[PDB]
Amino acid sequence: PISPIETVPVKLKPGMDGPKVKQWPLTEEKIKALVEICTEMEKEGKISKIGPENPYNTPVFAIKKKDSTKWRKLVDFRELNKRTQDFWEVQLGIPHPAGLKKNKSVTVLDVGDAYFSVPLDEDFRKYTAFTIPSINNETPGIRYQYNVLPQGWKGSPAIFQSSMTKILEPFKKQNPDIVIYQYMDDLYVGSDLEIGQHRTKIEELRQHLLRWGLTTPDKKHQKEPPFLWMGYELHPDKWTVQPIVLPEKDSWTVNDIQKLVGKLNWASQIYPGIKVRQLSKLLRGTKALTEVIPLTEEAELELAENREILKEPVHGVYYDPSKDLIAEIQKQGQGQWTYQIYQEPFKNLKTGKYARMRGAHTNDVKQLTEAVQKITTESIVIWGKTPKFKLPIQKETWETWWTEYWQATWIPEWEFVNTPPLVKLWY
């Protein structure tokens, strides 16, 4: 009942103006997808065509979700978000369930659909301007602007929150043990139930939303068993700590102890438990690398004490909502990729290792871009928000492919990094 015609006065933050981000160019494949997608949207009246009194423009890509047929237009409202929604991380913000990271299972459902009902502030519409490009500019971009809550723009959830709470009301009644956290376009439903039990609580809700006003595609695809894995289920309860493990050997050469010395040294901004002064000196002479050095020591009481202190998780690390999370990833080989989420250098909040294959059909990008997605999700569960990536790939290369295997409706923020040298020895 906002005085304005169902428009919830939306407003960019003070002394801030609309987004003017460039549209990267896409393959003809995608241009075609996007024009088919948008021509409909125009007809369903979700978007309308704009003119030249609109300097504004946010990017847009075409991706393929859980499916492998129909395409999907994914707008990159990152800039528009930073420019509005912070004045909407407050006003109409949505709190975060500390237990969700706790529950046994968590399933994510995509409700980005509801939005297209609720009309957008007629005054703000102008900022959702996106352009569909031409090949070789042999014509000017097709220009459209939203009239409804666009999906992707952190405005929608916020604005729409009311309507949600309401819908979910019944379900939260019957089932009161189950948590439901929304984040942008997804619902994160978690339970203590057993496998198929949980998958029933979900499917009920699924049917609940579905019978009461809103479409709801993915948790999964179908009942057809082909022995796949793209069905999206989650389990906060296990994912935990890190393999900051030292090697277990039989014939220790110098090179072998020499390293052990600096790997254990490295952990001197982390675990206090060791300074290998004693183990270091066990090689003051200038012996040979290939050579062999024995076990009796004044110093081994260290590989002793240390081999265990490195197993007790360090405390003194505290999340901080004000600060931005920063995730790093190292390519480790054999389709293996480690990672750490921190806020303040060497005070790691979470450190894991997404792996896929070793040499199948997968490839370096795809995995990276898959590990990201993983980490991003884990992140949204734990602290209810996406981190900022320092990705080990060349800017231009990522910009050409990430679209490819990309699946989520959100885009984290990223930057590209150097040759972490010995930092690669984290696993």
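A residue's number is simply how far along the shown sequence it sits, counting from 1.
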**OP:** Name the higher of the two by mean Cα B-factor in the PDB entry, 60-68 versus 368-376.
**Re:** 60-68
Original post:
Comparing 167-175 with 218-226, which stretch shows the greater average C-alpha B-factor in the deposited entry?
Top reply: 218-226
Original post:
Reading the B-factor column of the entry, which of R78, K201, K311, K350 has the highest value at its C-alpha atom?
Top reply: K311
Subject >> Maximum C-alpha temperature factor, selected from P321, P133, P272, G152 >> reply: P272
Original post:
Sorting the chain's CA B-factors, does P14 end up in the lowest, middle or highest third?
Top reply: highest
**OP:** Tell me, lowest, middle or highest third: where does the Cα B factor of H361 rank within its chain?
**Re:** highest
Original post:
Should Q23 be placed in the lowest, middle or highest third of its chain by the C-alpha B factor in the entry?
Top reply: middle
Original post:
If you rank every modelled residue in this chain by C-alpha B factor, which third holds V261: lowest, middle or highest?
Top reply: middle
**OP:** Looking at the entry's B-factor column for C-alpha atoms only, identify whether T419 ranks in the lowest, middle or highest third of its chain.
**Re:** highest
